[PDB]
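Peer 1: Quick one: the structure is below, questions incoming.
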Amino acid sequence: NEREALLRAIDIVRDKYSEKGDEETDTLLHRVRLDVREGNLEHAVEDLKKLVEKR
Amino acid sequence: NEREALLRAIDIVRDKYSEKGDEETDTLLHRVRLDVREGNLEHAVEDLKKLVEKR
Amino acid sequence: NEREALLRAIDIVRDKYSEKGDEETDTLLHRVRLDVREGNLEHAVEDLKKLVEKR
Ligand SMILES: [Zn+2]
Ligand SMILES: [Zn+2]
Ligand SMILES: [Zn+2]
């Protein structure tokens, strides 16, 4: 299904920014991953959008 | 259900504080939602009450 | 269940770090318990490793 495929993508990028010692982008995709999994897809986009806009 | 009503109520306030760009409150209600959703409410009021007294 | 034993261990130390009001360590073991509860044990050790080295 689509959602567990999404759960794959967040896992790849989240681990990558944990290595770089990025505890502002690693803590963030911990939040986004939970929202996608529970079904709060709308809130996930709002949370992620500000980071992309900023950096 | 008792816990289902609580879960929606946190979502109402949580969304309201992500649009305002508040990354202290919006981050905090991510944790409080998970504490209630899992069955550890006593730790939720420990995390929640410190924000209320501070703000 | 052996994962339940790990989850109990995280609880004991997590509440031990909420009385002191340590909001660096406490928010960290929120993520670690979430990592262990789902199966991302490989990320949990890397997440917790950084805290051990500093402190
Ligand atoms: Zn991480
Ligand atoms: Zn949010
Ligand atoms: Zn806590």
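Ligands are numbered from 1 in the order shown, chains are lettered A, B, ... in the order of the structure tokens, and residues start at 1 in each chain.
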For chain B, work out the contacting residues on chain C at 10 Å, counting only C-alpha atoms, and write them as a count of residues only.

Peer 2: 12

Peer 1: List the spatial neighbours of residue 6 (chain A) as a list in words - criterion: any atom at most 8 Å away, only C-alpha atoms, same-chain residues fewer than 4 positions off excluded.

Peer 2: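 The neighbour list is residues 2, 10 and 36 of chain A.
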
Peer 1: Write the residues of the selection above to a file with N, CA, C and O atoms, as a PDB file, in the first residue's frame.

Peer 2:
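The result, stored in out_4.pdb:
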```pdb
ATOM      1  N   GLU A   2       0.202   2.421  -0.161  1.00  0.00           N
ATOM      2  CA  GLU A   2       0.942   3.670  -0.310  1.00  0.00           C
ATOM      3  C   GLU A   2       1.557   4.137   1.001  1.00  0.00           C
ATOM      4  O   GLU A   2       2.663   4.690   0.999  1.00  0.00           O
ATOM      5  N   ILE A  10      10.472   8.202   4.672  1.00  0.00           N
ATOM      6  CA  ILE A  10      10.828   9.021   5.829  1.00  0.00           C
ATOM      7  C   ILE A  10      11.941   8.352   6.630  1.00  0.00           C
ATOM      8  O   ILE A  10      12.817   9.021   7.188  1.00  0.00           O
ATOM      9  N   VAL A  36       2.030  10.469   9.575  1.00  0.00           N
ATOM     10  CA  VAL A  36       1.726   9.708   8.369  1.00  0.00           C
ATOM     11  C   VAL A  36       1.174   8.342   8.747  1.00  0.00           C
ATOM     12  O   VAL A  36       0.230   7.846   8.122  1.00  0.00           O
TER      13      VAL A  36
END
```

Peer 1: According to DSSP computed on the backbone, where in chain C is there helix (DSSP H, G or I)? Give the residues as a ChimeraX atom specification.

Peer 2: /C:2-16,25-38,41-54

Peer 1: Between CA of residue 12 (chain A) and CA of residue 37 (chain B), what is the distance in Å, rounded to a tenth?

Peer 2: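 These two atoms are separated by 26.2 Å.
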